[PDB]
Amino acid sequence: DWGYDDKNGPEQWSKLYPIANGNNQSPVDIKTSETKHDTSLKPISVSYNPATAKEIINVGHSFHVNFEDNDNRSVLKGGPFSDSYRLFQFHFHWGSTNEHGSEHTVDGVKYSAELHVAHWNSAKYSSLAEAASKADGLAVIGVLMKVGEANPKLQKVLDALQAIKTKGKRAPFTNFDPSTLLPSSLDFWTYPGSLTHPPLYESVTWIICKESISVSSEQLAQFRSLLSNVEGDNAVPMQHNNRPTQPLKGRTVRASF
């Protein structure tokens, strides 16, 4: 299959997934001198119901927190969108050291981690599986995480990790509103892009917050403590899971501010 190590990592993904060399690949470096302000961009509005939080899962290369997505209890609206988008999961990316780990970069600056909050177009489509490969099917909020003070909002997520230490492990994760993880200012950049790992579908409208959130060095250690192996095998920590930034290929990054 695919991964983040030497033989199966980002540099080699194009062999199984040709779209990796596509025209709408993510993530990107946001150059602030080259962004175009857009007055038509409405403010981002998120309205999430904590009752939709369902489950936390170790997926080998990462972990996901999944949400019930059968109705519109948890929605994203506004920004560049006419359609309402339904929350389905959030997850993080991180790096081997504090010096890197984010996927998106801003004026060449790499952050320590990045939060992704993913949604699918339920106005246009009937399911995530239908939406996933569509140009307007997915919307992901990206939040850059800067190493510094411990983030108490992250704690419930971090506390849950001891129950899903190895690949394939899953556990209930309930009564959680992930808008509590977002920065106070929702000023954003947006561009048309892709999933940042296989299958790399060019189906994502990216919403990148200009304001970062904090994470401590020890909080990052907890991410890196997660194991990629199945229970009983020799422990293989998830050291990193961030893709290198990709060519803009003439796309414009728009700013709401």
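Residue numbers run from 1 along the displayed sequence.
Taking only CA atoms, the mean B-factor in the PDB entry is higher for 166-174 than for the other of 111-119 and 166-174. Checked against the record, the higher mean CA B factor of 57-65 and 31-39 lies with 31-39. Highest CA B-factor among the listed residues (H104, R86, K156, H91): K156. Ranked by Cα temperature factor within the chain, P183 sits in the middle third according to the deposited record. Sorting the modelled residues of the chain by their CA temperature factor places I44 in the highest third. Annotation for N242: CA B-factor lies in the lowest third of the chain's modelled residues. Per the deposited record, the Cα B-factor of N70 falls in the highest third when ranked against the other modelled residues of its chain.
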